[PDB]
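The data block below is work_30.pdb; it holds PDB, C-alpha atoms.
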```
ATOM      1  CA  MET P   1      74.334  68.296 165.246  1.00  0.00           C
ATOM      2  CA  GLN P   2      75.952  71.362 166.812  1.00  0.00           C
ATOM      3  CA  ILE P   3      75.677  74.644 164.900  1.00  0.00           C
ATOM      4  CA  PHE P   4      76.768  78.221 165.551  1.00  0.00           C
ATOM      5  CA  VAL P   5      74.748  81.335 164.705  1.00  0.00           C
ATOM      6  CA  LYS P   6      76.562  84.678 164.593  1.00  0.00           C
ATOM      7  CA  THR P   7      74.794  88.020 164.880  1.00  0.00           C
ATOM      8  CA  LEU P   8      75.908  91.397 163.547  1.00  0.00           C
ATOM      9  CA  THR P   9      77.249  92.387 166.991  1.00  0.00           C
ATOM     10  CA  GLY P  10      79.695  89.462 167.099  1.00  0.00           C
ATOM     11  CA  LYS P  11      77.659  87.376 169.545  1.00  0.00           C
ATOM     12  CA  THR P  12      77.788  83.657 168.730  1.00  0.00           C
ATOM     13  CA  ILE P  13      75.097  81.252 169.952  1.00  0.00           C
ATOM     14  CA  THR P  14      75.578  77.476 169.914  1.00  0.00           C
ATOM     15  CA  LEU P  15      72.514  75.328 169.226  1.00  0.00           C
ATOM     16  CA  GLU P  16      71.727  71.637 168.790  1.00  0.00           C
ATOM     17  CA  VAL P  17      69.778  71.060 165.568  1.00  0.00           C
ATOM     18  CA  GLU P  18      69.245  68.276 163.058  1.00  0.00           C
ATOM     19  CA  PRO P  19      69.670  68.384 159.260  1.00  0.00           C
ATOM     20  CA  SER P  20      65.944  67.646 158.871  1.00  0.00           C
ATOM     21  CA  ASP P  21      65.027  70.582 161.128  1.00  0.00           C
ATOM     22  CA  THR P  22      63.556  73.541 159.269  1.00  0.00           C
ATOM     23  CA  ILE P  23      64.684  77.156 159.485  1.00  0.00           C
ATOM     24  CA  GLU P  24      61.580  77.761 161.605  1.00  0.00           C
ATOM     25  CA  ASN P  25      62.934  75.168 164.048  1.00  0.00           C
ATOM     26  CA  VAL P  26      66.218  77.105 164.183  1.00  0.00           C
ATOM     27  CA  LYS P  27      64.214  80.291 164.772  1.00  0.00           C
ATOM     28  CA  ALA P  28      62.345  78.596 167.631  1.00  0.00           C
ATOM     29  CA  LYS P  29      65.663  77.424 169.101  1.00  0.00           C
ATOM     30  CA  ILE P  30      67.078  80.963 168.868  1.00  0.00           C
ATOM     31  CA  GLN P  31      63.904  82.317 170.494  1.00  0.00           C
ATOM     32  CA  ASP P  32      64.299  79.813 173.330  1.00  0.00           C
ATOM     33  CA  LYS P  33      68.000  80.688 173.682  1.00  0.00           C
ATOM     34  CA  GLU P  34      67.746  84.499 173.605  1.00  0.00           C
ATOM     35  CA  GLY P  35      64.126  85.658 173.300  1.00  0.00           C
ATOM     36  CA  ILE P  36      64.286  87.211 169.814  1.00  0.00           C
ATOM     37  CA  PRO P  37      60.974  86.666 167.968  1.00  0.00           C
ATOM     38  CA  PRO P  38      61.107  84.414 164.885  1.00  0.00           C
ATOM     39  CA  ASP P  39      59.419  87.083 162.747  1.00  0.00           C
ATOM     40  CA  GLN P  40      62.126  89.596 163.727  1.00  0.00           C
ATOM     41  CA  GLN P  41      64.987  87.210 162.872  1.00  0.00           C
ATOM     42  CA  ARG P  42      66.456  86.583 159.413  1.00  0.00           C
ATOM     43  CA  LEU P  43      68.683  83.547 158.821  1.00  0.00           C
ATOM     44  CA  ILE P  44      71.432  83.530 156.186  1.00  0.00           C
ATOM     45  CA  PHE P  45      73.544  80.575 155.057  1.00  0.00           C
ATOM     46  CA  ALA P  46      76.555  80.773 152.699  1.00  0.00           C
ATOM     47  CA  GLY P  47      75.670  84.314 151.669  1.00  0.00           C
ATOM     48  CA  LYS P  48      72.058  83.395 150.857  1.00  0.00           C
ATOM     49  CA  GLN P  49      69.007  83.933 153.049  1.00  0.00           C
ATOM     50  CA  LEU P  50      67.456  80.656 154.177  1.00  0.00           C
ATOM     51  CA  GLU P  51      63.743  80.067 153.614  1.00  0.00           C
ATOM     52  CA  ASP P  52      61.561  79.039 156.550  1.00  0.00           C
ATOM     53  CA  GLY P  53      60.004  76.213 154.541  1.00  0.00           C
ATOM     54  CA  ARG P  54      63.443  74.907 153.600  1.00  0.00           C
ATOM     55  CA  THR P  55      65.410  72.799 156.072  1.00  0.00           C
ATOM     56  CA  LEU P  56      69.064  72.649 157.076  1.00  0.00           C
ATOM     57  CA  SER P  57      69.662  69.715 154.721  1.00  0.00           C
ATOM     58  CA  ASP P  58      68.016  71.643 151.876  1.00  0.00           C
ATOM     59  CA  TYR P  59      70.371  74.572 152.556  1.00  0.00           C
ATOM     60  CA  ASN P  60      73.358  72.154 152.775  1.00  0.00           C
ATOM     61  CA  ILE P  61      73.913  73.070 156.434  1.00  0.00           C
ATOM     62  CA  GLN P  62      76.346  70.588 157.996  1.00  0.00           C
ATOM     63  CA  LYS P  63      77.776  70.162 161.483  1.00  0.00           C
ATOM     64  CA  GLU P  64      79.595  73.183 162.975  1.00  0.00           C
ATOM     65  CA  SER P  65      78.187  75.439 160.245  1.00  0.00           C
ATOM     66  CA  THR P  66      78.133  79.218 160.677  1.00  0.00           C
ATOM     67  CA  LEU P  67      74.698  80.768 160.170  1.00  0.00           C
ATOM     68  CA  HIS P  68      73.972  84.499 160.164  1.00  0.00           C
ATOM     69  CA  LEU P  69      71.254  86.078 162.317  1.00  0.00           C
ATOM     70  CA  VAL P  70      69.897  89.521 161.397  1.00  0.00           C
ATOM     71  CA  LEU P  71      67.527  91.494 163.620  1.00  0.00           C
ATOM     72  CA  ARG P  72      64.337  93.040 162.250  1.00  0.00           C
ATOM     73  CA  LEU P  73      61.920  95.642 163.590  1.00  0.00           C
TER      74      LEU P  73
ATOM     75  CA  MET R   1      90.806  78.356 136.653  1.00  0.00           C
ATOM     76  CA  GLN R   2      87.144  77.877 137.565  1.00  0.00           C
ATOM     77  CA  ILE R   3      85.604  79.777 140.483  1.00  0.00           C
ATOM     78  CA  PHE R   4      82.143  79.749 142.044  1.00  0.00           C
ATOM     79  CA  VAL R   5      80.151  82.765 143.239  1.00  0.00           C
ATOM     80  CA  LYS R   6      77.135  82.354 145.526  1.00  0.00           C
ATOM     81  CA  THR R   7      74.363  84.950 145.407  1.00  0.00           C
ATOM     82  CA  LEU R   8      71.629  85.796 147.907  1.00  0.00           C
ATOM     83  CA  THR R   9      69.061  83.765 145.930  1.00  0.00           C
ATOM     84  CA  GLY R  10      71.109  80.550 146.137  1.00  0.00           C
ATOM     85  CA  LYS R  11      72.155  80.595 142.480  1.00  0.00           C
ATOM     86  CA  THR R  12      75.779  79.613 141.865  1.00  0.00           C
ATOM     87  CA  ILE R  13      77.666  81.308 139.022  1.00  0.00           C
ATOM     88  CA  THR R  14      80.727  79.638 137.498  1.00  0.00           C
ATOM     89  CA  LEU R  15      83.434  81.974 136.203  1.00  0.00           C
ATOM     90  CA  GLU R  16      86.646  81.341 134.274  1.00  0.00           C
ATOM     91  CA  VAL R  17      89.421  83.468 135.795  1.00  0.00           C
ATOM     92  CA  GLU R  18      93.161  83.360 136.441  1.00  0.00           C
ATOM     93  CA  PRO R  19      95.247  83.924 139.593  1.00  0.00           C
ATOM     94  CA  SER R  20      96.656  87.131 138.072  1.00  0.00           C
ATOM     95  CA  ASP R  21      93.159  88.448 137.305  1.00  0.00           C
ATOM     96  CA  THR R  22      92.114  91.334 139.533  1.00  0.00           C
ATOM     97  CA  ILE R  23      88.791  91.691 141.335  1.00  0.00           C
ATOM     98  CA  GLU R  24      87.856  94.362 138.785  1.00  0.00           C
ATOM     99  CA  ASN R  25      87.996  91.682 136.078  1.00  0.00           C
ATOM    100  CA  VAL R  26      85.811  89.436 138.254  1.00  0.00           C
ATOM    101  CA  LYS R  27      83.323  92.289 138.688  1.00  0.00           C
ATOM    102  CA  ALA R  28      83.300  92.861 134.918  1.00  0.00           C
ATOM    103  CA  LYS R  29      82.690  89.135 134.371  1.00  0.00           C
ATOM    104  CA  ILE R  30      79.832  89.201 136.900  1.00  0.00           C
ATOM    105  CA  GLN R  31      78.379  92.218 135.080  1.00  0.00           C
ATOM    106  CA  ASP R  32      78.638  90.348 131.776  1.00  0.00           C
ATOM    107  CA  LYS R  33      77.033  87.230 133.281  1.00  0.00           C
ATOM    108  CA  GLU R  34      74.200  88.642 135.423  1.00  0.00           C
ATOM    109  CA  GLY R  35      74.021  92.379 134.700  1.00  0.00           C
ATOM    110  CA  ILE R  36      74.882  93.471 138.258  1.00  0.00           C
ATOM    111  CA  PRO R  37      77.019  96.648 138.133  1.00  0.00           C
ATOM    112  CA  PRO R  38      80.511  96.469 139.675  1.00  0.00           C
ATOM    113  CA  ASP R  39      79.768  99.470 141.914  1.00  0.00           C
ATOM    114  CA  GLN R  40      76.862  97.632 143.588  1.00  0.00           C
ATOM    115  CA  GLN R  41      78.657  94.267 143.869  1.00  0.00           C
ATOM    116  CA  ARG R  42      80.877  93.184 146.770  1.00  0.00           C
ATOM    117  CA  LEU R  43      82.909  89.960 146.783  1.00  0.00           C
ATOM    118  CA  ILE R  44      83.640  88.157 150.063  1.00  0.00           C
ATOM    119  CA  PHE R  45      86.063  85.235 150.302  1.00  0.00           C
ATOM    120  CA  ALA R  46      88.300  83.718 153.010  1.00  0.00           C
ATOM    121  CA  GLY R  47      87.246  86.157 155.711  1.00  0.00           C
ATOM    122  CA  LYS R  48      88.153  89.325 153.792  1.00  0.00           C
ATOM    123  CA  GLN R  49      86.353  91.598 151.349  1.00  0.00           C
ATOM    124  CA  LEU R  50      87.836  91.631 147.852  1.00  0.00           C
ATOM    125  CA  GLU R  51      89.658  94.813 146.847  1.00  0.00           C
ATOM    126  CA  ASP R  52      89.721  96.011 143.242  1.00  0.00           C
ATOM    127  CA  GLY R  53      93.466  96.664 143.426  1.00  0.00           C
ATOM    128  CA  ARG R  54      94.219  93.075 144.465  1.00  0.00           C
ATOM    129  CA  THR R  55      94.392  89.887 142.409  1.00  0.00           C
ATOM    130  CA  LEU R  56      93.123  86.352 142.931  1.00  0.00           C
ATOM    131  CA  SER R  57      96.635  85.094 143.711  1.00  0.00           C
ATOM    132  CA  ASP R  58      97.055  87.795 146.369  1.00  0.00           C
ATOM    133  CA  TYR R  59      93.901  86.543 148.115  1.00  0.00           C
ATOM    134  CA  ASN R  60      95.101  82.895 147.822  1.00  0.00           C
ATOM    135  CA  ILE R  61      92.113  82.026 145.625  1.00  0.00           C
ATOM    136  CA  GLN R  62      92.617  78.552 144.144  1.00  0.00           C
ATOM    137  CA  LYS R  63      90.661  76.426 141.685  1.00  0.00           C
ATOM    138  CA  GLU R  64      87.008  75.680 142.556  1.00  0.00           C
ATOM    139  CA  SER R  65      87.005  78.424 145.200  1.00  0.00           C
ATOM    140  CA  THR R  66      83.628  79.556 146.536  1.00  0.00           C
ATOM    141  CA  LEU R  67      83.145  83.286 147.106  1.00  0.00           C
ATOM    142  CA  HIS R  68      79.975  85.202 147.943  1.00  0.00           C
ATOM    143  CA  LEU R  69      78.445  88.152 146.092  1.00  0.00           C
ATOM    144  CA  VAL R  70      76.508  90.901 147.885  1.00  0.00           C
ATOM    145  CA  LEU R  71      74.330  93.331 145.926  1.00  0.00           C
ATOM    146  CA  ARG R  72      74.116  96.934 147.099  1.00  0.00           C
ATOM    147  CA  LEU R  73      70.910  98.905 146.599  1.00  0.00           C
TER     148      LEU R  73
ATOM    149  CA  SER A  76      83.344  85.209 155.821  1.00  0.00           C
ATOM    150  CA  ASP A  77      79.714  84.707 156.807  1.00  0.00           C
ATOM    151  CA  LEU A  78      80.119  87.127 159.727  1.00  0.00           C
ATOM    152  CA  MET A  79      81.412  89.812 157.349  1.00  0.00           C
ATOM    153  CA  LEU A  80      78.430  89.248 155.049  1.00  0.00           C
ATOM    154  CA  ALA A  81      76.079  89.347 158.045  1.00  0.00           C
ATOM    155  CA  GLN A  82      77.479  92.710 159.131  1.00  0.00           C
ATOM    156  CA  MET A  83      77.241  94.075 155.588  1.00  0.00           C
ATOM    157  CA  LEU A  84      73.645  92.907 155.070  1.00  0.00           C
ATOM    158  CA  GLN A  85      72.767  94.406 158.457  1.00  0.00           C
ATOM    159  CA  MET A  86      74.427  97.622 157.246  1.00  0.00           C
ATOM    160  CA  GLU A  87      72.175  98.034 154.210  1.00  0.00           C
ATOM    161  CA  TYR A  88      69.221  96.751 156.265  1.00  0.00           C
ATOM    162  CA  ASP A  89      69.754  99.558 158.780  1.00  0.00           C
ATOM    163  CA  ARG A  90      70.224 102.013 155.909  1.00  0.00           C
ATOM    164  CA  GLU A  91      66.860 100.958 154.453  1.00  0.00           C
ATOM    165  CA  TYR A  92      65.355 101.314 157.938  1.00  0.00           C
ATOM    166  CA  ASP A  93      66.789 104.830 158.243  1.00  0.00           C
ATOM    167  CA  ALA A  94      65.421 105.815 154.821  1.00  0.00           C
ATOM    168  CA  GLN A  95      62.048 104.529 156.000  1.00  0.00           C
ATOM    169  CA  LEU A  96      62.500 106.763 159.056  1.00  0.00           C
ATOM    170  CA  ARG A  97      63.295 109.626 156.696  1.00  0.00           C
ATOM    171  CA  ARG A  98      59.984 109.062 154.889  1.00  0.00           C
ATOM    172  CA  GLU A  99      58.232 108.848 158.244  1.00  0.00           C
ATOM    173  CA  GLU A 100      59.703 112.150 159.413  1.00  0.00           C
ATOM    174  CA  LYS A 101      58.730 113.541 156.011  1.00  0.00           C
ATOM    175  CA  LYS A 102      54.995 113.039 156.195  1.00  0.00           C
ATOM    176  CA  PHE A 103      54.247 112.981 159.893  1.00  0.00           C
ATOM    177  CA  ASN A 104      55.518 116.565 159.642  1.00  0.00           C
TER     178      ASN A 104
END
```

Could you render the structure from this file as structure tokens?
Amino acid sequence: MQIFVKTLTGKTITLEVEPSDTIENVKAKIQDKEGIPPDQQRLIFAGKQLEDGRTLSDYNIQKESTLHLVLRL
Amino acid sequence: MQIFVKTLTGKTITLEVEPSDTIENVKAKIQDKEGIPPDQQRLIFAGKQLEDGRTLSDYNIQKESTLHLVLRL
Amino acid sequence: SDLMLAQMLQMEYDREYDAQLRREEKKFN
């Protein structure tokens, strides 16, 4: 499925992910797309931070969902 | 009507409110339900942050609406 | 929206980072 991740600066990145893919898979996709390390990225879905062990289906992430990416130092 | 509030931990809180009820009443209900003070709570729904001087009908909040709660430190 | 919440959570995240920098500048000097 196609998903969109928005950062705090307004930049939106489109990725191809599956519902069974974990949040770590989304972090790896974002690292491939932009170069941000997975440990420096925080993913939020529906106002709640997504866990790396949990998947997109566990977080009820559907097609064309809007995830939130937060940078960390 | 019944409304849903999503927290950062994934817990969903169901609240009984009316369209004429202000966001201050919703903050008081959230304080009665979870103990979070109204000064440290921010409500986000339909692309706009909830204002204390506005009502649910002004924000076009209908039955079974899903808003998000953000806790300030 | 989720973008609004992202910007807000980044706002308190940067505020926590700046308080950490305050503590740093406290005891390095």

Applying the ChimeraX specification (/P :<12) & /A to the file I just gave you, which residues come out? Please list them as an NGL selection string.
:A and (76-89 or 91-93 or 95)

What's the separation between atom CA of residue 24 of chain P and atom CA of residue 64 of chain P, in Å to one decimal place?
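So the two atoms, atom CA of residue 24 of chain P and atom CA of residue 64 of chain P, lie 18.6 Å apart.
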
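When every C-alpha of chain P is superposed on its counterpart in chain R by least squares, the root-mean-square deviation equals 0.6 Å.
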
Any idea what the distance is between atom CA of residue 14 of chain P and atom CA of residue 11 of chain R?
->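 Taking atom CA of residue 14 of chain P as the start and atom CA of residue 11 of chain R as the end point, the length is 27.8 Å.
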
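For the pair atom CA of residue 2 of chain R and atom CA of residue 39 of chain R, the interatomic distance is 23.2 Å.
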
Task: Neighbour list for residue 25 of chain R as JSON, numbers by chain, cut-off 12 Å, all atoms listed in the file, skip fewer than 3 positions in-chain - done: {"R": [15, 16, 17, 18, 19, 20, 21, 22, 28, 29, 30, 31, 32, 38, 43, 50, 51, 52, 53, 54, 55, 56]}

Those same residues - C-alpha atoms - I'd like them written as a short mmCIF file (atom, residue, chain, number, x, y, z; two decimals), in the frame of the given file.
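Dumped to selection-v3.cif:
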```
data_model
loop_
_atom_site.label_atom_id
_atom_site.label_comp_id
_atom_site.auth_asym_id
_atom_site.auth_seq_id
_atom_site.Cartn_x
_atom_site.Cartn_y
_atom_site.Cartn_z
CA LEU R 15 83.43 81.97 136.20
CA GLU R 16 86.65 81.34 134.27
CA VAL R 17 89.42 83.47 135.79
CA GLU R 18 93.16 83.36 136.44
CA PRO R 19 95.25 83.92 139.59
CA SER R 20 96.66 87.13 138.07
CA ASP R 21 93.16 88.45 137.30
CA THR R 22 92.11 91.33 139.53
CA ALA R 28 83.30 92.86 134.92
CA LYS R 29 82.69 89.14 134.37
CA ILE R 30 79.83 89.20 136.90
CA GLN R 31 78.38 92.22 135.08
CA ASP R 32 78.64 90.35 131.78
CA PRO R 38 80.51 96.47 139.68
CA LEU R 43 82.91 89.96 146.78
CA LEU R 50 87.84 91.63 147.85
CA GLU R 51 89.66 94.81 146.85
CA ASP R 52 89.72 96.01 143.24
CA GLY R 53 93.47 96.66 143.43
CA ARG R 54 94.22 93.08 144.46
CA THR R 55 94.39 89.89 142.41
CA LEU R 56 93.12 86.35 142.93
#
```

Restricting the calculation to all atoms listed in the file, which member of R:42, R:23, R:33, R:59 is positioned closest to chain P?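 When distances to chain P are compared using all atoms listed in the file, the smallest one comes from R:42.
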
Using all atoms listed in the file, the shortest atom-to-atom distance to chain R among P:49, P:26, P:60, P:1 belongs to P:49

Where atoms are lacking, segment 57-71 of chain R completed to N, CA and C atoms, as a PDB file, in the coordinates of the input:
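Output contents, as saved in result_2.pdb:
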```pdb
ATOM      1  N   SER R  57      95.484  85.744 143.091  1.00  0.00           N
ATOM      2  CA  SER R  57      96.635  85.094 143.711  1.00  0.00           C
ATOM      3  C   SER R  57      97.014  85.771 145.022  1.00  0.00           C
ATOM      4  N   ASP R  58      96.762  87.080 145.130  1.00  0.00           N
ATOM      5  CA  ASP R  58      97.055  87.795 146.369  1.00  0.00           C
ATOM      6  C   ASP R  58      96.117  87.366 147.490  1.00  0.00           C
ATOM      7  N   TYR R  59      94.884  87.006 147.146  1.00  0.00           N
ATOM      8  CA  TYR R  59      93.901  86.543 148.115  1.00  0.00           C
ATOM      9  C   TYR R  59      93.944  85.035 148.325  1.00  0.00           C
ATOM     10  N   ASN R  60      94.932  84.351 147.734  1.00  0.00           N
ATOM     11  CA  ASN R  60      95.101  82.895 147.822  1.00  0.00           C
ATOM     12  C   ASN R  60      93.859  82.154 147.329  1.00  0.00           C
ATOM     13  N   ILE R  61      93.282  82.646 146.237  1.00  0.00           N
ATOM     14  CA  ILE R  61      92.113  82.026 145.625  1.00  0.00           C
ATOM     15  C   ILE R  61      92.608  80.942 144.673  1.00  0.00           C
ATOM     16  N   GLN R  62      92.207  79.704 144.930  1.00  0.00           N
ATOM     17  CA  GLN R  62      92.617  78.552 144.144  1.00  0.00           C
ATOM     18  C   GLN R  62      91.474  78.113 143.233  1.00  0.00           C
ATOM     19  N   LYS R  63      91.687  76.990 142.549  1.00  0.00           N
ATOM     20  CA  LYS R  63      90.661  76.426 141.685  1.00  0.00           C
ATOM     21  C   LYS R  63      89.483  75.928 142.512  1.00  0.00           C
ATOM     22  N   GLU R  64      88.282  76.056 141.938  1.00  0.00           N
ATOM     23  CA  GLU R  64      87.008  75.680 142.556  1.00  0.00           C
ATOM     24  C   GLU R  64      86.754  76.410 143.873  1.00  0.00           C
ATOM     25  N   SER R  65      87.261  77.633 144.006  1.00  0.00           N
ATOM     26  CA  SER R  65      87.005  78.424 145.200  1.00  0.00           C
ATOM     27  C   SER R  65      85.579  78.963 145.184  1.00  0.00           C
ATOM     28  N   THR R  66      85.000  79.092 146.374  1.00  0.00           N
ATOM     29  CA  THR R  66      83.628  79.556 146.536  1.00  0.00           C
ATOM     30  C   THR R  66      83.634  80.894 147.263  1.00  0.00           C
ATOM     31  N   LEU R  67      83.313  81.958 146.537  1.00  0.00           N
ATOM     32  CA  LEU R  67      83.145  83.286 147.106  1.00  0.00           C
ATOM     33  C   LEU R  67      81.666  83.649 147.127  1.00  0.00           C
ATOM     34  N   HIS R  68      81.348  84.741 147.815  1.00  0.00           N
ATOM     35  CA  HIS R  68      79.975  85.202 147.943  1.00  0.00           C
ATOM     36  C   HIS R  68      79.845  86.608 147.375  1.00  0.00           C
ATOM     37  N   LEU R  69      78.724  86.862 146.707  1.00  0.00           N
ATOM     38  CA  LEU R  69      78.445  88.152 146.092  1.00  0.00           C
ATOM     39  C   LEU R  69      77.302  88.831 146.834  1.00  0.00           C
ATOM     40  N   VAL R  70      77.505  90.095 147.192  1.00  0.00           N
ATOM     41  CA  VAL R  70      76.508  90.901 147.885  1.00  0.00           C
ATOM     42  C   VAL R  70      76.138  92.071 146.986  1.00  0.00           C
ATOM     43  N   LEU R  71      74.838  92.288 146.806  1.00  0.00           N
ATOM     44  CA  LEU R  71      74.330  93.331 145.926  1.00  0.00           C
ATOM     45  C   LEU R  71      73.906  94.540 146.747  1.00  0.00           C
TER      46      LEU R  71
END
```
